[PDB]
>>> print(open('start-v3.csv').read())   # CSV, N, CA and C atoms
chain,number,residue,atom,x,y,z
A,1,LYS,N,0.8,-1.2,0.0
A,1,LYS,CA,0.0,0.0,0.0
A,1,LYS,C,0.8,1.3,0.0
A,2,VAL,N,0.4,2.2,-0.8
A,2,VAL,CA,1.1,3.6,-0.8
A,2,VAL,C,0.2,4.5,0.0
A,3,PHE,N,0.7,4.9,1.2
A,3,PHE,CA,-0.1,5.9,2.1
A,3,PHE,C,-0.1,7.3,1.5
A,4,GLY,N,-1.1,8.0,1.9
A,4,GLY,CA,-1.1,9.5,1.7
A,4,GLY,C,-0.4,10.1,2.9
A,5,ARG,N,0.1,11.4,2.7
A,5,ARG,CA,0.8,12.1,3.7
A,5,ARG,C,0.0,12.2,5.0
A,6,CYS,N,-1.2,12.8,5.0
A,6,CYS,CA,-2.0,13.0,6.1
A,6,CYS,C,-2.5,11.6,6.7
A,7,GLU,N,-2.8,10.7,5.8
A,7,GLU,CA,-3.3,9.3,6.1
A,7,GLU,C,-2.2,8.6,7.0
A,8,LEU,N,-1.0,8.7,6.6
A,8,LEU,CA,0.1,8.1,7.4
A,8,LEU,C,0.4,8.7,8.7
A,9,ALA,N,0.3,10.0,8.8
A,9,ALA,CA,0.4,10.8,10.0
A,9,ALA,C,-0.6,10.4,11.0
A,10,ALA,N,-1.9,10.2,10.6
A,10,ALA,CA,-3.0,9.8,11.5
A,10,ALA,C,-2.7,8.4,12.0
A,11,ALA,N,-2.3,7.5,11.1
A,11,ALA,CA,-1.9,6.1,11.5
A,11,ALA,C,-0.8,6.1,12.5
A,12,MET,N,0.2,6.9,12.3
A,12,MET,CA,1.4,6.9,13.2
A,12,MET,C,1.0,7.4,14.6
A,13,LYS,N,0.2,8.5,14.6
A,13,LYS,CA,-0.3,9.1,15.8
A,13,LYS,C,-1.0,8.1,16.7
A,14,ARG,N,-2.0,7.3,16.0
A,14,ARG,CA,-2.8,6.3,16.7
A,14,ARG,C,-1.9,5.3,17.4
A,15,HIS,N,-0.8,5.0,16.7
A,15,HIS,CA,0.1,3.9,17.2
A,15,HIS,C,1.2,4.4,18.2
A,16,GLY,N,1.1,5.6,18.6
A,16,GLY,CA,1.9,6.1,19.8
A,16,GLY,C,3.3,6.7,19.4
A,17,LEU,N,3.4,7.2,18.2
A,17,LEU,CA,4.7,7.8,17.8
A,17,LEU,C,4.9,9.3,18.0
A,18,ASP,N,3.8,10.0,18.2
A,18,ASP,CA,4.0,11.5,18.4
A,18,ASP,C,4.7,11.7,19.7
A,19,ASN,N,5.9,12.4,19.6
A,19,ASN,CA,6.8,12.6,20.7
A,19,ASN,C,7.3,11.4,21.4
A,20,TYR,N,7.3,10.2,20.7
A,20,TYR,CA,8.0,9.1,21.3
A,20,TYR,C,9.5,9.3,21.4
A,21,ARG,N,10.0,9.1,22.7
A,21,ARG,CA,11.3,9.5,23.0
A,21,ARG,C,11.8,10.8,22.5
A,22,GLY,N,10.8,11.8,22.5
A,22,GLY,CA,11.1,13.2,22.2
A,22,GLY,C,11.1,13.6,20.8
A,23,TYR,N,10.7,12.7,19.9
A,23,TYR,CA,10.6,13.0,18.5
A,23,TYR,C,9.2,13.3,18.0
A,24,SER,N,8.9,14.5,17.6
A,24,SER,CA,7.6,14.9,17.1
A,24,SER,C,7.1,14.2,15.9
A,25,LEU,N,5.8,14.1,15.6
A,25,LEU,CA,5.3,13.3,14.5
A,25,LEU,C,5.9,13.7,13.2
A,26,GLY,N,6.2,15.0,13.0
A,26,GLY,CA,6.8,15.5,11.7
A,26,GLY,C,8.1,14.8,11.4
A,27,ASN,N,8.9,14.4,12.4
A,27,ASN,CA,10.1,13.7,12.1
A,27,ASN,C,9.9,12.3,11.5
A,28,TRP,N,8.9,11.6,12.0
A,28,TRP,CA,8.5,10.2,11.6
A,28,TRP,C,8.0,10.2,10.1
A,29,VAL,N,7.1,11.2,9.8
A,29,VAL,CA,6.6,11.3,8.5
A,29,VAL,C,7.7,11.6,7.4
A,30,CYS,N,8.5,12.6,7.8
A,30,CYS,CA,9.7,12.9,7.0
A,30,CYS,C,10.6,11.7,6.7
A,31,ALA,N,10.8,10.9,7.7
A,31,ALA,CA,11.7,9.7,7.5
A,31,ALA,C,11.0,8.7,6.5
A,32,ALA,N,9.7,8.5,6.7
A,32,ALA,CA,9.0,7.6,5.9
A,32,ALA,C,9.0,8.0,4.4
A,33,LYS,N,8.8,9.3,4.2
A,33,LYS,CA,8.8,9.9,2.9
A,33,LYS,C,10.1,9.6,2.1
A,34,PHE,N,11.3,9.9,2.8
A,34,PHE,CA,12.5,9.7,2.0
A,34,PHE,C,13.1,8.3,2.1
A,35,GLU,N,12.6,7.5,3.0
A,35,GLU,CA,13.1,6.1,3.1
A,35,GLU,C,12.4,5.2,2.0
A,36,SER,N,11.1,5.4,1.9
A,36,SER,CA,10.2,4.5,1.1
A,36,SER,C,9.2,5.1,0.2
A,37,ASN,N,9.2,6.5,0.2
A,37,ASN,CA,8.2,7.2,-0.6
A,37,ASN,C,6.8,6.8,-0.2
A,38,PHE,N,6.6,6.5,1.1
A,38,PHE,CA,5.3,6.1,1.7
A,38,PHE,C,4.8,4.7,1.2
A,39,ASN,N,5.6,3.9,0.7
A,39,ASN,CA,5.2,2.6,0.2
A,39,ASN,C,5.6,1.4,1.1
A,40,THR,N,4.6,0.7,1.6
A,40,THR,CA,4.9,-0.4,2.6
A,40,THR,C,5.7,-1.5,1.9
A,41,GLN,N,5.6,-1.7,0.6
A,41,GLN,CA,6.2,-2.8,0.0
A,41,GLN,C,7.7,-2.6,-0.5
A,42,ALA,N,8.3,-1.4,-0.1
A,42,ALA,CA,9.6,-1.1,-0.6
A,42,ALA,C,10.7,-2.0,0.0
A,43,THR,N,11.6,-2.5,-0.9
A,43,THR,CA,12.8,-3.3,-0.5
A,43,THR,C,14.0,-2.7,-1.2
A,44,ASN,N,15.2,-2.8,-0.5
A,44,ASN,CA,16.5,-2.4,-1.1
A,44,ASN,C,17.6,-3.3,-0.5
A,45,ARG,N,18.5,-3.8,-1.4
A,45,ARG,CA,19.6,-4.6,-1.0
A,45,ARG,C,20.8,-3.8,-0.6
A,46,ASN,N,21.6,-4.2,0.4
A,46,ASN,CA,22.8,-3.5,0.8
A,46,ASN,C,24.0,-4.2,0.4
A,47,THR,N,25.2,-3.5,0.4
A,47,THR,CA,26.4,-4.0,-0.1
A,47,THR,C,26.8,-5.3,0.7
A,48,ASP,N,26.6,-5.3,2.0
A,48,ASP,CA,27.0,-6.4,2.8
A,48,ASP,C,26.1,-7.6,2.8
A,49,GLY,N,25.1,-7.6,1.9
A,49,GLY,CA,24.2,-8.7,1.7
A,49,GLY,C,22.9,-8.7,2.5
A,50,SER,N,22.8,-7.7,3.4
A,50,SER,CA,21.5,-7.5,4.1
A,50,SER,C,20.5,-6.7,3.3
A,51,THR,N,19.3,-6.7,3.7
A,51,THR,CA,18.2,-6.1,2.9
A,51,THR,C,17.4,-5.2,3.9
A,52,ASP,N,16.9,-4.0,3.4
A,52,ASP,CA,16.0,-3.1,4.1
A,52,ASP,C,14.6,-3.3,3.7
A,53,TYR,N,13.6,-3.3,4.7
A,53,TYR,CA,12.2,-3.6,4.4
A,53,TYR,C,11.2,-2.6,4.8
A,54,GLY,N,10.3,-2.3,3.9
A,54,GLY,CA,9.1,-1.5,4.3
A,54,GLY,C,9.2,0.0,4.4
A,55,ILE,N,8.2,0.5,5.1
A,55,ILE,CA,7.9,1.9,5.2
A,55,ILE,C,9.1,2.7,5.9
A,56,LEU,N,9.7,2.1,6.8
A,56,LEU,CA,10.9,2.7,7.5
A,56,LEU,C,12.2,2.0,7.2
A,57,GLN,N,12.2,1.1,6.2
A,57,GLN,CA,13.4,0.5,5.7
A,57,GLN,C,14.3,-0.1,6.8
A,58,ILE,N,13.7,-1.0,7.6
A,58,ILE,CA,14.4,-1.7,8.7
A,58,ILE,C,15.3,-2.8,8.2
A,59,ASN,N,16.5,-2.9,8.7
A,59,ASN,CA,17.6,-3.7,8.2
A,59,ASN,C,17.6,-5.2,8.8
A,60,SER,N,17.8,-6.2,7.9
A,60,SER,CA,17.8,-7.6,8.2
A,60,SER,C,19.1,-8.0,9.0
A,61,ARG,N,20.1,-7.1,8.9
A,61,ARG,CA,21.4,-7.4,9.6
A,61,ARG,C,21.2,-7.5,11.1
A,62,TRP,N,20.2,-6.7,11.7
A,62,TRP,CA,20.0,-6.6,13.1
A,62,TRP,C,18.6,-6.9,13.6
A,63,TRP,N,17.6,-6.6,12.8
A,63,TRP,CA,16.2,-6.4,13.4
A,63,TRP,C,15.2,-7.4,13.0
A,64,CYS,N,15.3,-8.1,11.9
A,64,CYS,CA,14.3,-9.1,11.5
A,64,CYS,C,15.0,-10.3,10.7
A,65,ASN,N,14.2,-11.4,10.6
A,65,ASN,CA,14.8,-12.5,9.9
A,65,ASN,C,14.2,-12.7,8.5
A,66,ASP,N,15.1,-12.8,7.5
A,66,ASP,CA,14.7,-13.0,6.1
A,66,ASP,C,15.3,-14.3,5.5
A,67,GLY,N,16.1,-15.0,6.4
A,67,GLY,CA,16.6,-16.3,6.0
A,67,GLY,C,17.8,-16.3,5.1
A,68,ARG,N,18.2,-15.1,4.7
A,68,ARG,CA,19.4,-15.1,3.7
A,68,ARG,C,20.4,-14.0,4.2
A,69,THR,N,20.5,-13.7,5.4
A,69,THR,CA,21.6,-12.8,5.9
A,69,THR,C,22.4,-13.5,7.0
A,70,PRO,N,23.4,-14.3,6.6
A,70,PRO,CA,24.2,-15.1,7.5
A,70,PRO,C,24.8,-14.4,8.7
A,71,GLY,N,24.6,-14.9,9.9
A,71,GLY,CA,25.2,-14.3,11.1
A,71,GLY,C,24.5,-13.1,11.6
A,72,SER,N,23.3,-12.9,11.2
A,72,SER,CA,22.5,-11.7,11.6
A,72,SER,C,21.7,-11.9,12.9
A,73,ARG,N,21.3,-10.8,13.5
A,73,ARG,CA,20.4,-10.8,14.7
A,73,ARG,C,19.0,-10.6,14.2
A,74,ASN,N,18.1,-11.1,15.1
A,74,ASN,CA,16.6,-10.9,14.9
A,74,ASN,C,16.1,-10.2,16.1
A,75,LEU,N,16.5,-8.9,16.4
A,75,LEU,CA,16.2,-8.3,17.6
A,75,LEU,C,14.7,-7.9,17.8
A,76,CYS,N,14.0,-7.7,16.7
A,76,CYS,CA,12.6,-7.4,16.8
A,76,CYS,C,11.7,-8.7,16.8
A,77,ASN,N,12.3,-9.9,16.7
A,77,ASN,CA,11.6,-11.1,16.7
A,77,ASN,C,10.5,-11.3,15.7
A,78,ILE,N,10.8,-11.0,14.5
A,78,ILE,CA,9.8,-11.1,13.4
A,78,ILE,C,10.4,-11.5,12.1
A,79,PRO,N,9.6,-12.2,11.2
A,79,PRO,CA,10.1,-12.3,9.9
A,79,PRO,C,10.1,-10.9,9.1
A,80,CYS,N,11.0,-10.7,8.3
A,80,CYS,CA,11.1,-9.4,7.6
A,80,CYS,C,9.9,-9.2,6.7
A,81,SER,N,9.2,-10.2,6.2
A,81,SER,CA,8.0,-10.1,5.4
A,81,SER,C,6.9,-9.4,6.1
A,82,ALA,N,6.8,-9.6,7.4
A,82,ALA,CA,5.7,-8.9,8.2
A,82,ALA,C,5.8,-7.4,8.2
A,83,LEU,N,7.0,-6.9,7.7
A,83,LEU,CA,7.2,-5.5,7.7
A,83,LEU,C,6.7,-4.8,6.4
A,84,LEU,N,6.2,-5.6,5.5
A,84,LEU,CA,5.7,-5.1,4.2
A,84,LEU,C,4.2,-5.0,4.2
A,85,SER,N,3.5,-5.4,5.3
A,85,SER,CA,2.1,-5.4,5.4
A,85,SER,C,1.4,-4.0,5.2
A,86,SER,N,0.2,-4.0,4.8
A,86,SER,CA,-0.6,-2.7,4.7
A,86,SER,C,-0.9,-2.2,6.1
A,87,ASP,N,-0.8,-3.1,7.0
A,87,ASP,CA,-1.0,-2.7,8.4
A,87,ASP,C,0.4,-2.3,9.0
A,88,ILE,N,0.6,-1.1,9.5
A,88,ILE,CA,1.9,-0.7,9.9
A,88,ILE,C,2.3,-1.1,11.3
A,89,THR,N,1.5,-1.8,12.0
A,89,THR,CA,1.8,-2.2,13.4
A,89,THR,C,3.1,-2.8,13.7
A,90,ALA,N,3.5,-3.8,13.0
A,90,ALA,CA,4.8,-4.5,13.2
A,90,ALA,C,6.0,-3.5,12.9
A,91,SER,N,5.8,-2.6,11.9
A,91,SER,CA,6.9,-1.7,11.6
A,91,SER,C,7.1,-0.7,12.7
A,92,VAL,N,6.0,-0.1,13.2
A,92,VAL,CA,6.0,0.8,14.3
A,92,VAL,C,6.6,0.3,15.6
A,93,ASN,N,6.2,-1.0,16.0
A,93,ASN,CA,6.7,-1.6,17.2
A,93,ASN,C,8.2,-1.9,17.1
A,94,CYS,N,8.7,-2.3,15.9
A,94,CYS,CA,10.1,-2.5,15.8
A,94,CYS,C,10.9,-1.2,15.8
A,95,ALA,N,10.3,-0.2,15.1
A,95,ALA,CA,11.0,1.1,15.1
A,95,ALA,C,11.1,1.7,16.5
A,96,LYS,N,10.1,1.5,17.4
A,96,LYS,CA,10.2,1.9,18.8
A,96,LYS,C,11.4,1.4,19.5
A,97,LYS,N,11.8,0.1,19.2
A,97,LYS,CA,12.9,-0.5,19.8
A,97,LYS,C,14.2,0.1,19.3
A,98,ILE,N,14.3,0.4,18.0
A,98,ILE,CA,15.4,0.9,17.3
A,98,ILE,C,15.8,2.3,17.9
A,99,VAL,N,14.8,3.2,17.9
A,99,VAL,CA,15.1,4.6,18.4
A,99,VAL,C,15.4,4.7,19.9
A,100,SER,N,15.2,3.6,20.6
A,100,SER,CA,15.5,3.5,22.0
A,100,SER,C,16.9,2.9,22.3
A,101,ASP,N,17.6,2.5,21.3
A,101,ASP,CA,18.8,1.8,21.6
A,101,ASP,C,20.1,2.7,21.8
A,102,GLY,N,19.9,4.0,21.9
A,102,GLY,CA,21.0,4.9,22.2
A,102,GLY,C,21.3,5.9,21.2
A,103,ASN,N,20.9,5.7,20.0
A,103,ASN,CA,21.3,6.6,18.9
A,103,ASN,C,20.2,7.4,18.3
A,104,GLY,N,19.0,7.2,18.9
A,104,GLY,CA,17.8,8.0,18.5
A,104,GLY,C,17.5,7.7,17.0
A,105,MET,N,17.1,8.8,16.3
A,105,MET,CA,16.7,8.6,14.9
A,105,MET,C,17.9,8.6,13.9
A,106,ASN,N,19.1,8.8,14.5
A,106,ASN,CA,20.3,8.8,13.6
A,106,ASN,C,20.5,7.4,12.9
A,107,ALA,N,19.8,6.4,13.4
A,107,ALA,CA,19.8,5.1,12.7
A,107,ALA,C,19.3,5.1,11.3
A,108,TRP,N,18.4,6.1,11.0
A,108,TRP,CA,17.9,6.2,9.6
A,108,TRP,C,18.7,7.3,8.9
A,109,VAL,N,19.6,6.8,8.0
A,109,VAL,CA,20.4,7.7,7.2
A,109,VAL,C,19.7,8.8,6.5
A,110,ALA,N,18.5,8.6,5.9
A,110,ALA,CA,17.8,9.6,5.2
A,110,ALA,C,17.2,10.7,6.2
A,111,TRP,N,16.8,10.3,7.4
A,111,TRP,CA,16.4,11.2,8.4
A,111,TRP,C,17.6,12.2,8.8
A,112,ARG,N,18.8,11.6,9.0
A,112,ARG,CA,19.9,12.3,9.3
A,112,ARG,C,20.3,13.3,8.2
A,113,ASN,N,20.2,12.9,7.0
A,113,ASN,CA,20.7,13.7,5.9
A,113,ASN,C,19.6,14.7,5.3
A,114,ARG,N,18.3,14.4,5.5
A,114,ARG,CA,17.3,15.2,4.8
A,114,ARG,C,16.2,15.7,5.7
A,115,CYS,N,16.1,15.3,7.0
A,115,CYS,CA,15.1,15.8,7.9
A,115,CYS,C,15.6,16.5,9.1
A,116,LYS,N,16.7,16.0,9.6
A,116,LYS,CA,17.3,16.6,10.8
A,116,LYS,C,17.7,18.1,10.6
A,117,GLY,N,17.2,18.9,11.5
A,117,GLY,CA,17.6,20.3,11.5
A,117,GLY,C,16.7,21.2,10.6
A,118,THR,N,15.7,20.6,10.1
A,118,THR,CA,14.8,21.2,9.1
A,118,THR,C,13.4,21.5,9.8
A,119,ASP,N,12.5,22.2,9.1
A,119,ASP,CA,11.2,22.4,9.7
A,119,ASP,C,10.3,21.2,9.4
A,120,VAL,N,10.4,20.2,10.3
A,120,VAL,CA,9.7,18.9,10.1
A,120,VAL,C,8.2,19.1,10.3
A,121,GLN,N,7.7,20.1,11.1
A,121,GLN,CA,6.3,20.3,11.4
A,121,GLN,C,5.5,20.5,10.1
A,122,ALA,N,6.2,21.0,9.0
A,122,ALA,CA,5.6,21.2,7.7
A,122,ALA,C,5.1,19.9,7.1
A,123,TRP,N,5.6,18.8,7.6
A,123,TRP,CA,5.1,17.5,7.0
A,123,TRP,C,3.8,17.1,7.5
A,124,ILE,N,3.3,17.7,8.6
A,124,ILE,CA,1.9,17.4,9.1
A,124,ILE,C,0.9,18.6,9.0
A,125,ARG,N,1.4,19.7,8.4
A,125,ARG,CA,0.6,20.8,8.2
A,125,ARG,C,-0.7,20.5,7.3
A,126,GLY,N,-1.8,21.1,7.7
A,126,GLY,CA,-3.1,20.8,7.0
A,126,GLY,C,-3.8,19.6,7.4
A,127,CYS,N,-3.2,18.6,8.1
A,127,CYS,CA,-3.8,17.4,8.4
A,127,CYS,C,-4.7,17.5,9.6
A,128,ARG,N,-5.9,16.8,9.5
A,128,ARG,CA,-6.9,16.9,10.6
A,128,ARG,C,-6.4,16.1,11.8
>>> encode(input="start-v3.csv", output="structure tokens")
Amino acid sequence: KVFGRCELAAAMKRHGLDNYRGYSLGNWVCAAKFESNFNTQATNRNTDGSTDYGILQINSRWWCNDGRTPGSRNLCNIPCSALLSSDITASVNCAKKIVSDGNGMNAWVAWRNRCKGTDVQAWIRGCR
């Protein structure tokens, strides 16, 4: 599924992300936009053989199991395919664990390079 901007904001708010560990809703929508273009089915392969999955592009090297990344951890305790669902619950719950591990949202390269230090509130402007 490809979410709308305001549609995704409302979904993320319901799931407890607004100000989670100090990050306003605008940060999370901005990261989804540049990581996946709001598409739950997005995948991308990395140099080291790991793969990124879904709306927030979560990495098989540490967070989920996809059966083809030798020596990797499964810290969110899920198959990577569950992260591509039209229901964003599994992605949200896994992301909550990632942003809590000490490095905040710096774990998402596109947030660091394209959202951080910008007017992120603009990403939720106009939404009910």
>>> residues_around(input="start-v3.csv", residues="stretch 19-27 of chain A", least_positions_apart="3", cutoff="6.5 Å", atoms="only N, CA and C atoms", output="short mmCIF file (atom, residue, chain, number, x, y, z; two decimals) with N, CA and C atoms, keeping the file's coordinate frame")
data_model
loop_
_atom_site.label_atom_id
_atom_site.label_comp_id
_atom_site.auth_asym_id
_atom_site.auth_seq_id
_atom_site.Cartn_x
_atom_site.Cartn_y
_atom_site.Cartn_z
N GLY A 16 1.10 5.60 18.60
CA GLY A 16 1.90 6.10 19.80
C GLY A 16 3.30 6.70 19.40
N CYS A 30 8.50 12.60 7.80
CA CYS A 30 9.70 12.90 7.00
C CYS A 30 10.60 11.70 6.70
N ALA A 31 10.80 10.90 7.70
CA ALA A 31 11.70 9.70 7.50
C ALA A 31 11.00 8.70 6.50
N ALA A 32 9.70 8.50 6.70
CA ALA A 32 9.00 7.60 5.90
C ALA A 32 9.00 8.00 4.40
N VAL A 120 10.40 20.20 10.30
CA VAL A 120 9.70 18.90 10.10
C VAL A 120 8.20 19.10 10.30
N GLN A 121 7.70 20.10 11.10
CA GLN A 121 6.30 20.30 11.40
C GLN A 121 5.50 20.50 10.10
N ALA A 122 6.20 21.00 9.00
CA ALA A 122 5.60 21.20 7.70
C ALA A 122 5.10 19.90 7.10
N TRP A 123 5.60 18.80 7.60
CA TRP A 123 5.10 17.50 7.00
C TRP A 123 3.80 17.10 7.50
N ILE A 124 3.30 17.70 8.60
CA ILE A 124 1.90 17.40 9.10
C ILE A 124 0.90 18.60 9.00
#
>>> atom_distance(input="start-v3.csv", atom1="atom CA of residue A:118", atom2="atom CA of residue A:105")
14.0 Å
>>> closest_residue(input="start-v3.csv", among="A:86, A:114, A:36, A:58", to="residue A:74", atoms="only C-alpha atoms")
A:58
>>> select_by_dssp(input="start-v3.csv", residues="chain A", states="alpha helix (DSSP H)", output="mmCIF file with N, CA and C atoms, in the frame of the given file")
data_model
loop_
_atom_site.group_PDB
_atom_site.id
_atom_site.type_symbol
_atom_site.label_atom_id
_atom_site.label_comp_id
_atom_site.auth_asym_id
_atom_site.auth_seq_id
_atom_site.Cartn_x
_atom_site.Cartn_y
_atom_site.Cartn_z
ATOM 1 N N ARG A 5 0.100 11.400 2.700
ATOM 2 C CA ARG A 5 0.800 12.100 3.700
ATOM 3 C C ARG A 5 0.000 12.200 5.000
ATOM 4 N N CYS A 6 -1.200 12.800 5.000
ATOM 5 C CA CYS A 6 -2.000 13.000 6.100
ATOM 6 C C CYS A 6 -2.500 11.600 6.700
ATOM 7 N N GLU A 7 -2.800 10.700 5.800
ATOM 8 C CA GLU A 7 -3.300 9.300 6.100
ATOM 9 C C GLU A 7 -2.200 8.600 7.000
ATOM 10 N N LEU A 8 -1.000 8.700 6.600
ATOM 11 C CA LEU A 8 0.100 8.100 7.400
ATOM 12 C C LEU A 8 0.400 8.700 8.700
ATOM 13 N N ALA A 9 0.300 10.000 8.800
ATOM 14 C CA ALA A 9 0.400 10.800 10.000
ATOM 15 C C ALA A 9 -0.600 10.400 11.000
ATOM 16 N N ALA A 10 -1.900 10.200 10.600
ATOM 17 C CA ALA A 10 -3.000 9.800 11.500
ATOM 18 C C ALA A 10 -2.700 8.400 12.000
ATOM 19 N N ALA A 11 -2.300 7.500 11.100
ATOM 20 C CA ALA A 11 -1.900 6.100 11.500
ATOM 21 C C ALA A 11 -0.800 6.100 12.500
ATOM 22 N N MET A 12 0.200 6.900 12.300
ATOM 23 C CA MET A 12 1.400 6.900 13.200
ATOM 24 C C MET A 12 1.000 7.400 14.600
ATOM 25 N N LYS A 13 0.200 8.500 14.600
ATOM 26 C CA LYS A 13 -0.300 9.100 15.800
ATOM 27 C C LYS A 13 -1.000 8.100 16.700
ATOM 28 N N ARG A 14 -2.000 7.300 16.000
ATOM 29 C CA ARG A 14 -2.800 6.300 16.700
ATOM 30 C C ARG A 14 -1.900 5.300 17.400
ATOM 31 N N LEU A 25 5.800 14.100 15.600
ATOM 32 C CA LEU A 25 5.300 13.300 14.500
ATOM 33 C C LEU A 25 5.900 13.700 13.200
ATOM 34 N N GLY A 26 6.200 15.000 13.000
ATOM 35 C CA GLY A 26 6.800 15.500 11.700
ATOM 36 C C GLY A 26 8.100 14.800 11.400
ATOM 37 N N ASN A 27 8.900 14.400 12.400
ATOM 38 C CA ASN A 27 10.100 13.700 12.100
ATOM 39 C C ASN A 27 9.900 12.300 11.500
ATOM 40 N N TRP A 28 8.900 11.600 12.000
ATOM 41 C CA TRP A 28 8.500 10.200 11.600
ATOM 42 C C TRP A 28 8.000 10.200 10.100
ATOM 43 N N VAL A 29 7.100 11.200 9.800
ATOM 44 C CA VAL A 29 6.600 11.300 8.500
ATOM 45 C C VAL A 29 7.700 11.600 7.400
ATOM 46 N N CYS A 30 8.500 12.600 7.800
ATOM 47 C CA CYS A 30 9.700 12.900 7.000
ATOM 48 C C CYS A 30 10.600 11.700 6.700
ATOM 49 N N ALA A 31 10.800 10.900 7.700
ATOM 50 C CA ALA A 31 11.700 9.700 7.500
ATOM 51 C C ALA A 31 11.000 8.700 6.500
ATOM 52 N N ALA A 32 9.700 8.500 6.700
ATOM 53 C CA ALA A 32 9.000 7.600 5.900
ATOM 54 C C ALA A 32 9.000 8.000 4.400
ATOM 55 N N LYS A 33 8.800 9.300 4.200
ATOM 56 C CA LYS A 33 8.800 9.900 2.900
ATOM 57 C C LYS A 33 10.100 9.600 2.100
ATOM 58 N N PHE A 34 11.300 9.900 2.800
ATOM 59 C CA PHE A 34 12.500 9.700 2.000
ATOM 60 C C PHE A 34 13.100 8.300 2.100
ATOM 61 N N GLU A 35 12.600 7.500 3.000
ATOM 62 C CA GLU A 35 13.100 6.100 3.100
ATOM 63 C C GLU A 35 12.400 5.200 2.000
ATOM 64 N N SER A 36 11.100 5.400 1.900
ATOM 65 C CA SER A 36 10.200 4.500 1.100
ATOM 66 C C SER A 36 9.200 5.100 0.200
ATOM 67 N N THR A 89 1.500 -1.800 12.000
ATOM 68 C CA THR A 89 1.800 -2.200 13.400
ATOM 69 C C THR A 89 3.100 -2.800 13.700
ATOM 70 N N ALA A 90 3.500 -3.800 13.000
ATOM 71 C CA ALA A 90 4.800 -4.500 13.200
ATOM 72 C C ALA A 90 6.000 -3.500 12.900
ATOM 73 N N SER A 91 5.800 -2.600 11.900
ATOM 74 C CA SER A 91 6.900 -1.700 11.600
ATOM 75 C C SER A 91 7.100 -0.700 12.700
ATOM 76 N N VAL A 92 6.000 -0.100 13.200
ATOM 77 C CA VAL A 92 6.000 0.800 14.300
ATOM 78 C C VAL A 92 6.600 0.300 15.600
ATOM 79 N N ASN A 93 6.200 -1.000 16.000
ATOM 80 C CA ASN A 93 6.700 -1.600 17.200
ATOM 81 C C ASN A 93 8.200 -1.900 17.100
ATOM 82 N N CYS A 94 8.700 -2.300 15.900
ATOM 83 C CA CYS A 94 10.100 -2.500 15.800
ATOM 84 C C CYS A 94 10.900 -1.200 15.800
ATOM 85 N N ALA A 95 10.300 -0.200 15.100
ATOM 86 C CA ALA A 95 11.000 1.100 15.100
ATOM 87 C C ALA A 95 11.100 1.700 16.500
ATOM 88 N N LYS A 96 10.100 1.500 17.400
ATOM 89 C CA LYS A 96 10.200 1.900 18.800
ATOM 90 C C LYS A 96 11.400 1.400 19.500
ATOM 91 N N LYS A 97 11.800 0.100 19.200
ATOM 92 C CA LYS A 97 12.900 -0.500 19.800
ATOM 93 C C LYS A 97 14.200 0.100 19.300
ATOM 94 N N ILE A 98 14.300 0.400 18.000
ATOM 95 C CA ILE A 98 15.400 0.900 17.300
ATOM 96 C C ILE A 98 15.800 2.300 17.900
ATOM 97 N N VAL A 109 19.600 6.800 8.000
ATOM 98 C CA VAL A 109 20.400 7.700 7.200
ATOM 99 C C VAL A 109 19.700 8.800 6.500
ATOM 100 N N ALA A 110 18.500 8.600 5.900
ATOM 101 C CA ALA A 110 17.800 9.600 5.200
ATOM 102 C C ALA A 110 17.200 10.700 6.200
ATOM 103 N N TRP A 111 16.800 10.300 7.400
ATOM 104 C CA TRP A 111 16.400 11.200 8.400
ATOM 105 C C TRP A 111 17.600 12.200 8.800
ATOM 106 N N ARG A 112 18.800 11.600 9.000
ATOM 107 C CA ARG A 112 19.900 12.300 9.300
ATOM 108 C C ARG A 112 20.300 13.300 8.200
ATOM 109 N N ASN A 113 20.200 12.900 7.000
ATOM 110 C CA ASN A 113 20.700 13.700 5.900
ATOM 111 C C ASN A 113 19.600 14.700 5.300
ATOM 112 N N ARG A 114 18.300 14.400 5.500
ATOM 113 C CA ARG A 114 17.300 15.200 4.800
ATOM 114 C C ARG A 114 16.200 15.700 5.700
#
>>> residues_around(input="start-v3.csv", residues="residue A:128", least_positions_apart="2", cutoff="9 Å", atoms="only C-alpha atoms", output="number ranges by chain")
A: 6, 10, 124-126
>>> closest_residue(input="start-v3.csv", among="A:48, A:89, A:63, A:53", to="residue A:77", atoms="all atoms listed in the file")
A:63
>>> residues_around(input="start-v3.csv", residues="residue A:64", least_positions_apart="5", cutoff="7 Å", atoms="only C-alpha atoms", output="JSON, numbers by chain")
{"A": [74, 75, 76, 77, 78, 79, 80]}
>>> closest_residue(input="start-v3.csv", among="A:87, A:35, A:7, A:52", to="residue A:111", atoms="all atoms listed in the file")
A:35
>>> closest_residue(input="start-v3.csv", among="A:5, A:13, A:116, A:33", to="residue A:56", atoms="all atoms listed in the file")
A:33
